[PDB]
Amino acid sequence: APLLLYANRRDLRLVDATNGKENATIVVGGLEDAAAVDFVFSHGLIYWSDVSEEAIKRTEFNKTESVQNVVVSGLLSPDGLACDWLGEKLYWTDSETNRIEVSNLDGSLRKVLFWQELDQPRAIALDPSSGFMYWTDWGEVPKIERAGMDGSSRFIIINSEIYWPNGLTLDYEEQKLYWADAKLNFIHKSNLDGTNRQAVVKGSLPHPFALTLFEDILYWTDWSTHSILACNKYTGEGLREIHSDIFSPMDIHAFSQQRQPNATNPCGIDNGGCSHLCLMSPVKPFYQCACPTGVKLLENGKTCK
């Protein structure tokens, strides 16, 4: 059982899954509407979105007293985010501007990756070592999609038996994708291309929001139960409540370095020879140079105009 990091609107909290009966520790307090949360363990960073302050912020959790730092601002509805701990990038969704965007860990070099055919984008999960990103959209045409972390090769992997796909997580050991649907009340899994789909928890989940994973156990927050639930990732058995009486549970992660497995950054020490952004890519050489929004990449594929 790992530590579980979750957003709670008014704060961010850390609870030990093996001892969830106790009160959670507050990692960050004094927030308005903290929704999405993630981390870069090796950098000692925790990131969150606040939908009321229209921003993504970060804090250094390895400093006795580090302040809240605004990294990205002017985000109308930053409903989901994910940290690329390999390429050192921040990814997020905005369900009001209907966009998916990337930036450096400090918020510099913002680049809009997708801005079309998004209605209610929500959850976003990264597989940095394979250069793929995954997201849900619970809008008029609900779906799960994946694309290169460089904005390449977008395509829909799930578009049936889906309505409110709120939670999304990856199993890096088994190469599987898991998601929770809050209208259809279930958790399903599949291969990373969407094939070989199967049910984990068949039904009876009141309103699951965010989903995470550690070893053989799935963990998720539920808006109606105001709690964190758990079950076996293979059979869906052992369904149990880990941590209860939560003010307003939101996004959640298994908070462990093991959930961010070390790998070689294909960018190297060279930033891939990229003038600006060096993004993870699903195709060799597994990185791709990119530029801030509206800025053109020159003929060499490395230098921004």
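Note that residue numbering begins at 1 and tracks the sequence as displayed.
Which is higher in the entry, the mean Cα B factor of 183-191 or that of 67-75? Mean C-alpha B-factor is greater for 67-75.
Averaging C-alpha B-factors over each stretch, which comes out higher, 158-166 or 89-97? The entry gives the higher C-alpha B-factor average to 158-166.
Specify which of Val40, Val27, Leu277, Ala34 carries the largest Cα B factor in the deposited PDB entry. Of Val40, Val27, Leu277, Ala34, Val27 has the highest C-alpha B-factor.
In the PDB entry, which of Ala55, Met250, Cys267, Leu45 has its C-alpha at the highest B-factor? Among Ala55, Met250, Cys267, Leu45, the PDB entry lists the largest C-alpha B-factor for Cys267.
Where does the C-alpha B-factor of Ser204 rank in its chain, lowest, middle or highest third? Tercile = highest for this residue's CA B-factor.
How does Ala290 rank on Cα B-factor within its chain, lowest, middle or highest third? Answer is lowest: the recorded C-alpha B-factor places it there.
Report the third (lowest, middle or highest) to which the CA temperature factor of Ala7 belongs, ranking only the modelled residues of the same chain. As the PDB entry reports it, the C-alpha B-factor of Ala7 lands in the lowest third of its chain.
How does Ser244 rank on Cα B-factor within its chain, lowest, middle or highest third? CA B-factor rank for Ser244: highest third.
Please rank the C-alpha B-factors of the chain's modelled residues and tell me whether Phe114 sits in the lowest, middle or highest third. Answer is middle: the recorded C-alpha B-factor places it there.
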